[PDB]
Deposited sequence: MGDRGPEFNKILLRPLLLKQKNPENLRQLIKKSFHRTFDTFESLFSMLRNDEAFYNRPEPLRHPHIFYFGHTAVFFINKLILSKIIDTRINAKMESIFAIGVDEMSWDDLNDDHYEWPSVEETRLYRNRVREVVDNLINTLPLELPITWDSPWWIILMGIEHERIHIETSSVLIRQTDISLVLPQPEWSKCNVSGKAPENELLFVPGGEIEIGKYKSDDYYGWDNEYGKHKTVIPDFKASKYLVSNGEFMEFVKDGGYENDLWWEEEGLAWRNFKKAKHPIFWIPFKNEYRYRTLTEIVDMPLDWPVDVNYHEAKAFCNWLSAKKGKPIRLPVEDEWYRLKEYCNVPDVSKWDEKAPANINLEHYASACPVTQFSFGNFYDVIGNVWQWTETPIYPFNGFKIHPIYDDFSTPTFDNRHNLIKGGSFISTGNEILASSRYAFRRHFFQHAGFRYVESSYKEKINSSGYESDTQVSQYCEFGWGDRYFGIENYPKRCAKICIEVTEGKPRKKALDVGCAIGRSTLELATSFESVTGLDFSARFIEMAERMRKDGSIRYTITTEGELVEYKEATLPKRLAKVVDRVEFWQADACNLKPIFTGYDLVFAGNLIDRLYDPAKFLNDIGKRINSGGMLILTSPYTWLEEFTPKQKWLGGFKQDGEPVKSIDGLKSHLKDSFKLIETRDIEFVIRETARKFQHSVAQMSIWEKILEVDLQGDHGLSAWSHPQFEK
């Protein structure tokens, strides 16, 4: 009962008032646990120590978890009065961004007693909210209870991450507390071995209507197939890692990847971060105690050290050994039939959720099938940088919880440690760290031929690429249907009963019309002057999805993911994208039954030359289709080379009349059509234009 309340709450309870008391007790117990964590600091002066250079002092996180409640309840408009706006700014945002290179004090921290009194006032506000706020089932993302739970599961994250910081604090500044006792059993390190793990269909990703609270990075759908592989029986113990250290592992550059080698030489690292050099031997550092080395406990390493061990072990065993991917750990868990939190008894079946120890335990204590410590004890590093599943959607109250970590620099860790609580002990939760950062994290190694495919990280934010991604793959504005798609549908319309072997899409941009044309034309080529546009158009064709940000106001953005629909995914093999200047096309681009050029002719420096060159490249009786708003400007075209918008012989020359004039000898005008299109700039500013489509047929 003392630590069982730290398990994540099942939210689909039969009674709403029974769920109220569970959330009330889940909040106070989490608040109590975090405040009890700092009782391991010797005195109030130790709150202002910075144990990890890449993080704040303890005092910041002491108030940060309470301030986080107020800032989210104010932003969600659940409450309207702040408790202390001064403190709520100073404890606002933590620090990531640690390239292992640095804040220099210059912070005026409140006193420890000041922060204690503030935290107590946050507790009554939330307690009053839990008492007075209506509870409507089921709990949705819009429900105010989601924000309260967000503060709870965020505080539980800081329970673990501050315990690492305490474990990194000078031993003279910490005080052992019986509420945070260590494991007292340790012995000989067992001999690890590689055991068989079967492959199969991996299917992870949380649906929107699943039961527990979850962060945004948990939701989506991800499927892949991994082969049969081998995983180590135990986590890598201190003793197993001791062989690597005694074989000059930190001295031999052959084992260290280029990033880890750079980190190792900067830190001048010679041994794991919680190994204390003692004469010719090594001692071990728990949260608040220095004890003799427990050789059968797991080792604590960042990614670089664990990877260096795997490269060293590969040379000894003569076999390719590496860290697992996230999918391989999920396969291992399912193969071992690890039970979810909802099926646990009075005690957790792993060293987890603070239900057994406030430190690691022997790697031989908790078994799961043929394996040990599949969950619990310490985190297990992976080689998969955290990434959003297909269907990922941010929560509006914390839109940047995970999206800044989608940078191919935060490697996923699985299993959870002895102190991982709440959301962290769910199977669907996904936590990641910079590959140099230290936690209660070790590693299990695998032997696998599986080569995981990593995609481009982050979201594209170049304003020009963002707009045209939205223009071809975004939503409809003012009820105007998709312009690249509508144009392509008209191309398919006016070519019924006509040849459809080859088609060319000049000015294809992000290639929506190109893929739409490929549904009826056997070979379609997309050309655009922008190498950036072609890169995104090819990425959508290969990967089947693109990610980008569109502006709402100023620097604020919305995160968008455009996924290729099933009907367009079939025809990706009929599409090619190339960078090309429409006024000097390579001779290889010829023999087309249809050439489409959308919003292009009024953007070319010599549109007459393009019309003269593209005619020689269309088959007899082929179709040339042009759309343009006729925005003639000296920015793109010299006035002498405009097709319209000027007076000659005292009569106005309209652009459509100039098009007949340049296409008189070789083309015939079928029809003209007016087509609206909308290009989004911000959430409130758009371009709304009426382009003219002109449909031409080649003279036989």
Stretches with no C-alpha position, numbering per deposited sequence from 1: 1 to 7, 109, 709 to 728
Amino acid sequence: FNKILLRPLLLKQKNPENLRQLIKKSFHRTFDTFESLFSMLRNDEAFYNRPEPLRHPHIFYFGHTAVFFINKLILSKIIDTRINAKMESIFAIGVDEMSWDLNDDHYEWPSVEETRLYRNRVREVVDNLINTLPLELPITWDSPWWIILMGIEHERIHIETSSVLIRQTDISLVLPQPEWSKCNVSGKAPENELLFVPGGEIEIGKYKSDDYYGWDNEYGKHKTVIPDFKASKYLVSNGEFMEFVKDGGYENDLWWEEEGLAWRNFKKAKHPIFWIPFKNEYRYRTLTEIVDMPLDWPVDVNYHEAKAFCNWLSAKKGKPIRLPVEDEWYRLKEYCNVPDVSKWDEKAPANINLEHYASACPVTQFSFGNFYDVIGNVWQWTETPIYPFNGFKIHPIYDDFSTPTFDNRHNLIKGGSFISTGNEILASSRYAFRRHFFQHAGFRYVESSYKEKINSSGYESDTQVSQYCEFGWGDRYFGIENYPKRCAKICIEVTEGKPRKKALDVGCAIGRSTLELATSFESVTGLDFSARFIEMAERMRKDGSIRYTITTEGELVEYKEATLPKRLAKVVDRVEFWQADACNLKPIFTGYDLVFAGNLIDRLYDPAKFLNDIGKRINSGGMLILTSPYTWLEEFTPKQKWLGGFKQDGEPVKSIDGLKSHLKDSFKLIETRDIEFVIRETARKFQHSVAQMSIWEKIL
From here on, numbers count along this sequence of modelled residues.
Between the two ranges 431 to 439 and 344 to 352, the one averaging a larger CA B factor in the entry: 344 to 352
203 to 211 versus 234 to 242 - which carries the larger mean C-alpha B factor in the record: 203 to 211
Deposited CA B-factor, highest of 160, 259, 522, 305: 522
Residue with maximal Cα B-factor (values as given in the PDB entry) among 169, 380, 549, 99: 99
CA B-factor ranking of residue 21, expressed as a third of its chain: highest
Modelled-residue ranking by C-alpha temperature factor, third containing residue 604: highest
Assigned third (lowest, middle, highest) for the C-alpha B factor of residue 310: lowest
Record-listed C-alpha B factor of residue 592: chain third: middle
Chain-relative CA temperature factor third for residue 331: middle
